Every structure is written in structure tokens, then in C-alpha cells.
Amino acid sequence: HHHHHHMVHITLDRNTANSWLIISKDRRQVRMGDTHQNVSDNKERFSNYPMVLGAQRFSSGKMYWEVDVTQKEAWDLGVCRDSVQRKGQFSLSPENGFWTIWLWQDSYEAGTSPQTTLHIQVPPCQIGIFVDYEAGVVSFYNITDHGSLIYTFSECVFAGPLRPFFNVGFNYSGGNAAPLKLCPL
Ligand SMILES: O=C(c1ccco1)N1CCN(C(=O)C2CC2)CC1
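For the sequence shown, the entry's author numbering begins at 8 and goes up steadily by one.
Encoded structure:
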């Protein structure tokens with residue numbers, strides 16, 4: 008792909024984070040803590056899952072960023088509507104305002120309803136995410152495999168400003184403590 012020139016500098020929004028997440032001082036890394044991180048509750052925080060939003064809001068244009076997922080067993084990545092539900096249980100779907108892929112139990116899937124199996128021969132250590140607001144496209148790329156396409160959501164109905172979306176996943180196994188990291192331009 009040739010989307011690299013639309014690179015944007017993404018930072019994480021502490022105020023949206025689940026209360027167990029630890030965001031680095033530079034706001035470029037997030038990981039699961041082993042306990043509540045001693046923050047006050049607010050209506051923006053994801054309550055049920057280890058999720059956080061980027062600070063940036065997109066309502067036009069073409070945007071590209073990269074995320075490091077090295078050594079993780081479980082995660083979700085993509086983009087969501089600023090007004091997604093924060094509290095309680097919900098599925099990741101375009102009907103609920105999410106355009107995402109994930110790793111879970113050694114398989115990769117796109118967050119369609121119902122979910123779609125992905126075909127990845129080279130497990131990615133870094134994921135590229137491309138958004139074309141006007142075209143209604145969200146695409147995912149395997150940076151470890153020379154940028155190969157993972158998945159394209161097309162005919163997207165964003166219906167609002169978009170925010171970068173992250174889930175570091177639970178760490179019930181003791182094998183999923185590693186962070187998500189926003190990779191340098
Ligand atoms: O954004 C998308 C989309 C892009 C790719 C796949 O779906 N959609 C379609 C599914 N949706 C609905 O059907 C709405 C409940 C009516 C929500 C918008």
C-alpha cells in the first residue's frame with residue numbers, strides 16, 4: 008500500500024481509559040495493570056473491558072497510523088464513533104459504531120456482525136490502520152508481511168466523528184501483559 012503519507016500522530020485519552028489501564032507519560036503506550044489505577048470514575052471510561060480511545064477526532068480526510076502488538080495473545084484495534092456506549096456489555100460491530108479487527112485464541116477476526124474469519128499466514132507484530140472518511144473505508148494492513156492487506160470495511164456509515172479505538176485485552180492467562188504501542192512515523 009501507499010497510505011504512509013497520511014500518517015497522523017495519535018495519543019491516548021486517559022479520561023476514556025478503563026480504570027485498570029496504565030498509559031505512558033508520552034500517551035503513546037497502554038497496558039493492563041494488575042489492579043485499579045487509583046483514578047476517579049467518569050461517564051467517558053469504558054467500564055467492562057480494557058478499552059481506551061485516542062484523543063484525536065476525525066470528521067474528514069484520509070488518516071493512517073500503526074500499532075505494535077508484539078507478544079500479545081488478545082487485543083482489538085480500529086476506529087469507533089465518538090458516541091459509542093462506554094458502560095455495560097456490548098459487541099464490537101458497525102451497528103454499535105465500531106470498525107475493528109481482533110486476535111483471540113490464536114485466530115484473527117473482523118468485527119462484522121456476525122464476525123468474519125481473517126486469513127493471516129504471518130502473525131503481525133505491527134498493524135497499519137487506514138481511514139478514508141469521505142469514501143467510507145477502514146482498512147487494516149500487516150506491517151510484518153510487507154504491508155499486505157488484512158481486511159477492508161467498505162460502505163461504512165460512520166454517522167459521527169471517529170476516534171482511534173484500542174483494547175489491550177484481559178490477562179487471565181499471564182501471557183497477555185504486553186502493551187499496545189503507537190509506532191513512530
Ligand atoms: O458501517 C457499516 C458497515 C461497514 C461495513 C460493514 O458495515 N454499517 C452497516 C451495518 N449497519 C446497520 O445495518 C445499521 C443497523 C442498521 C451499521 C452501518
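Note that beta-carbon positions come from the ideal geometry of N, C-alpha and C, so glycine has one too.
Q | Under 8 Å between C-beta atoms of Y140 and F65 | A | Result yes, Cβ atoms of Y140 and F65 sit closer than 8 Å.
Q) Say the cut is 7 Å; is the CB of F160 nearer than that to a heavy atom of ligand 1? A) Yes, Cβ of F160 sits closer than 7 Å to a heavy atom of ligand 1.
Q: Report the residue ranges of all beta strand (DSSP E) runs contained in full by the region 110-191; include only those spanning at least 3 residues, in chain order.
A: Correct list: 114-117, 133-139, 144-149, 155-160, 169-174, 187-189.
Q. Are the region 21-38 and the region 179-191 touching, with three or more C-beta to C-beta distances below 8 Å?
A. Segment contact: the region 21-38 against the region 179-191, three or more CB-CB distances shorter than 8 Å; contact assigned.
Q: Check whether the Cβ of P121 sits closer than 7 Å to any heavy atom of ligand 1, and report yes or no.
A: Taking 7 Å as the cut-off, one finds no heavy atom of ligand 1 near enough to the beta carbon of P121.
Q) Where does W72 land, buried or exposed, given buried means 16+ other C-beta within 10 angstroms? A) By the C-beta density criterion, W72 is buried, having at least 16 other C-beta atoms within 10 angstroms.
(Q) Since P57 and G176 should fall inside the 8 Å C-beta cutoff, what is the C-beta to C-beta distance between them, to a whole number of angstroms? (A) That pair is a contact at about 6 Å.
**Q.** Secondary structure of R93, DSSP reduced to three states
**A.** It is coil, neither helix nor strand.
Q: With a threshold of 16 other CB atoms inside 10 Å of the CB of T23, please say whether the residue is buried or exposed.
A: By the neighbour-count criterion, in which a residue is buried when 16 or more other Cβ atoms sit within 10 angstroms of its Cβ, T23 is buried.
(Q) If you measure between the beta carbons of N103 and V86, is that distance less than 8 Å? (A) In terms of Cβ geometry, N103 and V86 do not form a close pair [threshold 8 Å].
Q: Between the Cα of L60 and those of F137, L125, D83, spot the shortest distance and give me the residue it belongs to.
A: For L60, the closest alpha carbon among the candidates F137, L125, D83 is that of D83.
(Q) I'd like the span of the beta strand (DSSP E) that includes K69, first residue to last. (A) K69 -> beta strand (DSSP E) spans 69-75.
Q | Of the residues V138, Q133, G135, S114, the one placed nearest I127, counting alpha carbons only | A | The shortest Cα separation from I127 among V138, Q133, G135, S114 belongs to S114.
Q. So which of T42, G135, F165 has the shortest CA-CA distance to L156?
A. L156 has its Cα closest to that of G135, out of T42, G135, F165.
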